[PDB]
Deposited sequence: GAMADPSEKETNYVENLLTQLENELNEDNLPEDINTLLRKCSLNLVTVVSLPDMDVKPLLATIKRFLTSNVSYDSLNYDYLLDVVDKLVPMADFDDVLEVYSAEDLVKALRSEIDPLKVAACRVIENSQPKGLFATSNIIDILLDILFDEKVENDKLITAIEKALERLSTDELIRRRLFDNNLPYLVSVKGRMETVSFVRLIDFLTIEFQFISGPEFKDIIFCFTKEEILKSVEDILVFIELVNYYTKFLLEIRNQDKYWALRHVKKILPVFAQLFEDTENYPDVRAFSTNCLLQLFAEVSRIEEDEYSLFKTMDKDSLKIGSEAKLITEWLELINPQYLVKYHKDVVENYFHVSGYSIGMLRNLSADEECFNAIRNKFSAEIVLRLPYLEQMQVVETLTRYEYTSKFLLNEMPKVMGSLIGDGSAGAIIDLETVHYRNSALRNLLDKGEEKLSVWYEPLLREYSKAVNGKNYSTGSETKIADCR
């Protein structure tokens, strides 16, 4: 049936065309003459035609695709003035088998010419290029073509700092960093000097994109355990903090980029190396946690809690009080034992029990996450445990209650004592009905 529908399409393209194209697409999601007929139609609803190509290409054996779309045809397609043909070329390139097949040609180079062309407004084409590059970048030869054969070009795009092509470059580097090893890492491509960061402030959108690039860069270093990359990034982190502080000379930085800078500083505080040496200097010289009242909640919600208790114990001790409002701060401050000890005297069963059930469940779920917080809950607030067990339609309440029940049960029967059987009973009722 699928082969006959494709044969019809092959005869038809050489009315209700859109409907048959949809029918072909729907059947494929759930070959040379058809691919060649579509190619002739593209070299001469186009989105519906391309969707058939997008589903047909990965399904077929790549040798058959290569016969219709040669490396030479792909260069011609990408150098044309026909956007749908360029998208089809991208789909072919994306599905290259082996992934390094086109690594010896200038195909990747041409993909980069289109990607960094600010005049390109076709979002589907930009996405198709990025998807083709992301898929192929697991291969070493493809990363070599990108970061060695096209290094001067990438550095030229980087130096330009033209809004449209720069944002696409940042997106490209973010995607590429997940595949890059220590020996492949190039500072000139992935890292920005103080001078480039100062230049980005002139166009605040570019600056915000750069702050977000660094936040995701630090997050990826933590997620992928790529600590070797820290020495390449740390030296410029105090520049972002200096810009955050310098409201007289760079008012646009606090005016338009406060939130993204706070997320960056949250990541910087997770660098513990040499007793928070870098973050301590940024805080002392620039951030000055506690000195600007309107940022106190955010600092206590975002900054490494071990850092907060060691250098701003007075802020933690005095500022934090239990309420639905301070749940964000509770989740962060509870994540370090010493930091939790600095807020522990703000709790009582009475205070927690006065909160509406959704807020009690958010507080309880947070306290169930750690050994020291759960011990405090069980030994000092058994009335709160009584409220958790109880005598619910709200999805958030059910989510936090079930997570609290599950986190306590993870501790085991021995550590739960008298709470074991009531918790098991409540969890069974919630998951089994």
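Novice: What are the missing stretches of the deposited sequence, listed from start to end?
Specialist: Residues missing from the model, as numbered along the full deposited sequence, span 1-12, 27-31, 48-55, 70-76, 424-428, 471-485.
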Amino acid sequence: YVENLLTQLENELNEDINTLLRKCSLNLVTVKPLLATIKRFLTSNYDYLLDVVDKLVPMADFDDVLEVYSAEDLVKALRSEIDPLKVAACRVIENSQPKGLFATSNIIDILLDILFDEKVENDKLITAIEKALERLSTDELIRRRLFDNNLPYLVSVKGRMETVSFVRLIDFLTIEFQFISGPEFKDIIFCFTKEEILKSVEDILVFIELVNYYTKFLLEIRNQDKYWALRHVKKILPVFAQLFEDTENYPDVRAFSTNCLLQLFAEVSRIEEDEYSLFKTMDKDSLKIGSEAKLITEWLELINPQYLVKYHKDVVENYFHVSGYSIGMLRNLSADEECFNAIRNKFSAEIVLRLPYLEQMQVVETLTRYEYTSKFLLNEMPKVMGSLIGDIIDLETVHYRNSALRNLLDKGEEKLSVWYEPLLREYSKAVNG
From here on, numbers count along this sequence of modelled residues.
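Novice: At least a third of the other compared entries: do they leave residue 46 without coordinates?
Specialist: Residue status for residue 46: gap in at least one third of the other entries.
Novice: Got a sec? Mean C-alpha B-factor, which is higher, 49-57 or 394-402?
Specialist: Mean CA B-factor is higher for 49-57.
Novice: Can you tell me whether 122-130 has a higher mean C-alpha B factor than 322-330 in this record, or the other way round?
Specialist: Between 322-330 and 122-130, it is 122-130 that shows the higher mean C-alpha B-factor.
Novice: Maximum C-alpha temperature factor per the entry, among 336, 220, 72, 245, belongs to which one?
Specialist: The C-alpha B-factor peaks, among 336, 220, 72, 245, at 72.
Novice: Give the position of residue 33 by CA B-factor within its chain, expressed as the lowest, middle or highest third.
Specialist: It falls in the top third of the chain.
Novice: Sorting the chain's modelled residues by C-alpha B-factor, tell me whether residue 67 ends up in the lowest, middle or highest third.
Specialist: For residue 67, the deposited C-alpha B-factor lands in the highest third.
Novice: By the recorded C-alpha temperature factor, relative to the other modelled residues in its chain, which third is residue 378 in?
Specialist: As the PDB entry reports it, the C-alpha B-factor of residue 378 lands in the middle third of its chain.
Novice: Would you mind ranking residue 229 by its C-alpha B-factor against the rest of the chain and naming the third, lowest, middle or highest?
Specialist: As the PDB entry reports it, the C-alpha B-factor of residue 229 lands in the middle third of its chain.
Novice: Residue 42's Cα B-factor: lowest, middle or highest third of the chain?
Specialist: Residue 42: CA B-factor falls in the highest third of its chain.
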